[PDB]
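A, B, C, D, E, F, G, H and I label the chains in the order they appear, each numbered from 1.
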Amino acid sequence: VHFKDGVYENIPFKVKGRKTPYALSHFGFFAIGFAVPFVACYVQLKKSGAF
Amino acid sequence: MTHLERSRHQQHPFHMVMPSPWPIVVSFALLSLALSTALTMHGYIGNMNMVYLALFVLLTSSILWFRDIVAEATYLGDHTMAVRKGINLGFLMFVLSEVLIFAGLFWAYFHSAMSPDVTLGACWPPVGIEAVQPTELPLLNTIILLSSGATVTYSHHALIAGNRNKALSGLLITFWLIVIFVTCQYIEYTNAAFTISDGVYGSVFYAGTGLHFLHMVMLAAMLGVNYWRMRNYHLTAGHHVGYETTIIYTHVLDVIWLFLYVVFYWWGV
Amino acid sequence: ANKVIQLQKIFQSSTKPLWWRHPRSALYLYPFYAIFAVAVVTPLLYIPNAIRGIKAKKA
Amino acid sequence: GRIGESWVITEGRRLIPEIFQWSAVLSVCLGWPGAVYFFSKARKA
Amino acid sequence: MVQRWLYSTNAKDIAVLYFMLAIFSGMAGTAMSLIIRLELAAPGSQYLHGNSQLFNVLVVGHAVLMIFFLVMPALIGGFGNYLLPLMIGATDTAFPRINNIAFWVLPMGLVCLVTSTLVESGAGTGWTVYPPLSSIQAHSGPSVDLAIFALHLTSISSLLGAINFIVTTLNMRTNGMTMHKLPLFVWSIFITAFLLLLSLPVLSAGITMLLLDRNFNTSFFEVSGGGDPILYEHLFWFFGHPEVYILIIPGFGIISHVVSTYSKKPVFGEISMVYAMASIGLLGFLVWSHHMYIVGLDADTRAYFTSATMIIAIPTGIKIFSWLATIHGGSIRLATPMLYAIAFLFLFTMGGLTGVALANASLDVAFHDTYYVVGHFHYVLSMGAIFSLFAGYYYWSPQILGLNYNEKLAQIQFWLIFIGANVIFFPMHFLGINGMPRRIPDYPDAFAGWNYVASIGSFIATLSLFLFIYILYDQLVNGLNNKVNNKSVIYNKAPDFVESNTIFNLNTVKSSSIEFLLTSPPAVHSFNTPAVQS
Amino acid sequence: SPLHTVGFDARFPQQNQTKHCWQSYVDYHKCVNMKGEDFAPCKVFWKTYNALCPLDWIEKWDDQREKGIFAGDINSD
Amino acid sequence: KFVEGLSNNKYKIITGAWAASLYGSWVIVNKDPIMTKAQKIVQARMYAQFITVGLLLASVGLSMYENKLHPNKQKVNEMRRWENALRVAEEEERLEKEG
Amino acid sequence: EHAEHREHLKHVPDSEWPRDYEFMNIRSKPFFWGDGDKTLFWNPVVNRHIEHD
Amino acid sequence: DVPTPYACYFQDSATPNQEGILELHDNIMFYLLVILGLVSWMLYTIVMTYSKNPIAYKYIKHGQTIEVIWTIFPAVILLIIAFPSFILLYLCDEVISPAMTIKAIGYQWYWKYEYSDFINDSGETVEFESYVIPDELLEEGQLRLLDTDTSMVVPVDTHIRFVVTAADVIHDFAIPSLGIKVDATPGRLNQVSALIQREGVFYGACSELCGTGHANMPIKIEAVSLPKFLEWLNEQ
């Protein structure tokens, strides 16, 4: 089966027809991407000293 | 012929593979294997049961992948001559990558051998370590690879010719020949004066010979699969790319064994 | 035992995917799905025990 | 060329104003460490 | 949709996933660069109080994450997987499940690298993970084992992609592509895929020797016991220089294409340029120990390597001279990938000149493990590979994604990353020649100014990436409105002078490769029939 | 005024000197075990190893010589 | 009496003879213009390694043909180096005393 | 010949086994399988751990 | 000798090797700045006179004359650059006839210096472990993180060759003022030479990763005159 082609059927994100705004998913992706070293720093700063 | 029954085909010789779930599963199994063998090397989990099942699920996913590729290659029938030359060149480049791992091991041996450290007694082989003499068991399992190459090349040239009773006899006796090689190699390992921890000599010696050991047990599994699909009439007289693949592999394994054997058993003692 | 053209006539003439198209391919994939799900979900419950640092109970 | 204002003059007129602005953009693409050193307390500011 | 994104043996829908992990890991790596340069902003124990092991963990995470999970995916994996079948007319690549498993064994290397930085304080060695700093006596724990299992998985991914690329442009070319008629990015991906399978076997052999003398009691680099740690430096840097030549050669291909198409001129001597690039590839193996001028080599072999690294330096010079020759005499349309292409030339020539200042084995004794080296590679790696990455995205994604971006936001993003990254790595040279060593948490408080200037710059270089994230969002939800409502640029190749508008609407795209003739987002079976060429 | 030391040996002119110390030590123990048990101008070797290689190496090699697990054996009977 | 100099380089002559053996087998087998490249390469490789490991035992017979002429080596070259190491100490400290 | 030699060195009492060198029998960390001092093909006749008297 | 805030040049000369390194770096930068200036000038001239160019000379794609001149010019400049670095590399390993020797063996997060040229007529070798002063016991004028409670002290105007090694993780003996930088790997001794031409202090740091205490690992070398060094060595 050849999957049908369009302007928004090339990416894994669904953008147009949703229930939530797209900014939620699009900025939460880079929120968890930008906050994985912060949670590494937190789990490393509770293991040795304080914080 | 008619345009109407020419446009009902592929329009280019190359392969169009249907979406198959064996990159994702074997990648899952590779992740589980890596994490479990990083986790059991420090006593976090109790036994080696979990690295055993991780290695087993990797093995059975990859053999299901090879089941899918033999079904697609000889049942659905897509491996035309362009795809055959493609997978042939791909296997050639993969084996060119394997021999560079062997070259890195030989670099380790040469660098710690021809400039020996002052803690080894400044002599290669080091003091006290009774080195393996190259003329007893190394001579048998360096002539057995040449005999294996000779019988696998006449089994190949009998497969191209047309006789079945010769092209099957050569494959059966090369399988039993190299498994006799593997068993006497294990016999050589289980009575040797040095272990893998005894100095740097035992370390790099067992690293090189053990990598060649694992390579030929993988070759023996490949040749068992090839003998099964030669008995079950999959291999033809002009479309045996999965057998030319393994004879290229066993001949380059023979020559890398002779390199490893010469500089690991004659010059290095 | 020269059973390649019958397998080809079966394998071309179906709609099911390729890893489910064989007759005896039910005995190869259900226990595989079971043991694969077990074998890959199981270190992800031992990883927080490693993050907390508590080792095994061996010896 | 043969007839017209000479090529030396008509390309000097094009390029001589370009040398000073090249020197400006290079003196501010490599010379801003001088401008940040000039205001700090190491120069007894 | 599960069979289109999880099984998905189609080289167009694997490159998007490559790019998604690329932007995810690049965000994580620049969060680590922000945390590093935020802690190094002032002497005395800043934000992470004490705890130098955490800083070592953060710097190895930044280095290895941003090398092996942003630059190598978003240059080799993503761009090669989307464009190498789409420039030579293959319907898509050979061995499709191989470049599906390459992508799908990337993020498990990522998750084991992430969970390596949590267990038993952590792997801190730097990305050049050395013994006996990483052997079990001086570094105990299962951390660096997961940290190098990540390198095993990324190594396997890149080699499988290399074999995939090599066979798919050695056999499935279109009807008229001869052995020397390919566009130069195909040649870059070609030669890079050769250097991968000629180099990284040695890497994986050396690092699995490191693993089985950590845990399996062998003695490759454990020195009291026979071995030597110099053998790891040899076995690592034999990959370590071909790795960055792998990371920079598709950058040369991308920059060649964008300066060819934004100046309305073919590249000056494409055959001599591809000969220079191929000789750079086959010569980059012979200079692997210019990172080891200090450890105790003889002056004779040091003389050989400082002879050979300058012959490494010359064909990059003739490539940059051909770039100046092919932008000379053009009709340069200064759009946002052409701006990145223009900045790459200057900001890589600067790093290459300080690199040949480093390449003298005489002069490397004053500069080794010193912030001069950081100023060199954070030019030629950062500005080089990522200005080529931005000049790849801003030039190709209107064709791939099919949604036109905003133009003025792209130009403020370029000028913000240009200013705010030129202010970081330029004081690193003064920190280097004044005497600051590498990998210190912080420093003796003499040179307290240039670190503060670099830290006030890194916030600009992070804010420009936040604006790039907003550019991605504004492209994804306002693509068609940026097509219509006159916020973007629509034609990358302008109409020529004496050509009418009614005549430009006949021949819209004057390309020289296939990619700008396919429709925005292209069909899943683009070349049903082969694409002929004479 | 004087500050004399080992000078420059012609056998080992490289940057490394580990073979130079190990050979000078093993040849000190090869002079003073063989020709005469102690009276000599082979105090040159003693001067050389005690000038060149560190005290932890000398202590490790002397305890290895006492236990008999020395690497390059010194022709002892 | 030539055994000394061209048995010091055993593993140079063996390796050069292996390369020349594969070349002189390949140029023989490739003149047959009917086969695949791969079959020619593996047959040449087999002939080459057979003659090479056949020469490896001829060098063993030659190795004890050298060993009767120079008994118990690796241990009396060490003492020649030791005599040159003791002379360099005595020659030096005698002029240290009288210089 | 090697089999009769291994039967010769079977009955040797273990303190008569020679004290051998620093590089032989290195143990950085203990082996995670077995008792702690046992490799894969560890023959208990030819590869004894002397434990330094 | 010591670093200075907002400096953009070398820690200044002490040794002939560092003087040669400074002269060589200025010669290399003098040959590099022509190339940087003409590359920046070519880029500026092109992008500010061909942006306002409406047509493009698309029929200029090769020329052999200018191609071979821009491929034979970097070979010439790189030969002129490589011509004195061979002289420096082959003279900075010339350690013929040094006066005295030092061992500088580096442990975990400190150094241990030892002199064993036997003119200390107490009889013994002299060693001292050379820990960093921890940064709360500093007393009103002491340079932070690169001071030392027990300095190494060397003489002026004698060639001194010191070997270096470790007992652990690979360290580096690195002083940028004396121009000396050599990796102390735990397996081998590595020797480098020096001729310090003036009295005074010289500071340096470890320049290889050691682990947690990489920053807290300095080198302090006071160079005094020869009678004061003889008095110090006899007294200590």
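The definition used in the following text is that a contact is a pair of C-beta atoms (placed from the backbone, for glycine too) under 8 Å apart; a residue touches a chain by one contact, two chains touch by 3 or more.
Looking at chain G and chain H, the chains in contact with each of them are B, F.
For the pair chain B and chain F, chains touching both partners: E, G, H. When every chain is reduced to the mean of its C-alpha atoms, the one closest to the centre of the whole protein set is E.
C-beta contact counts were set side by side for E-I and F-G; E-I has more. Put simply, the chain farthest from chain I by mean CA position is C.
With each centre defined as the average position of its C-alpha atoms, the distance from chain A to chain E rounds to 23 Å.
Between the CA-based centres of chain D and chain G the separation comes to 68 Å, rounded to the whole angstrom. In whole angstrom, the spacing between the mean C-alpha positions of chain F and chain H is 33. Each chain gets one centre point, the mean of its Cα atoms, and the points for chain C and chain F are 65 Å apart. Annotation for chain D: residues touching 2 or more other chains are 33, 37, 40, 42.
Counting partners per residue, chain A has 43, 47 as the residues that reach two or more other chains. Those residues of chain H in touch with two or more other chains are numbered 20-23, 26-27, 32.
All chain pairs that count as touching, in label order, are A-E, B-C, B-E, B-F, B-G, B-H, C-E, D-E, D-I, E-F, E-H, E-I, F-G, F-H, F-I.
Those residues of chain F lying in contact with chain G across their complex are 23, 27, 30-31, 35, 41-45.
Touching chain E in their complex are the following residues of chain C: 47, 50-51, 53.
Residue ranges of chain H in contact with chain F, taken from their complex: 19-22. Chain contact summary for the complex, chain B toward chain F: residues 117-123, 126-127. On chain H, the positions that touch chain B within their shared complex are 2, 6, 18, 20-27, 32-33, 39, 41-43, 45-47.
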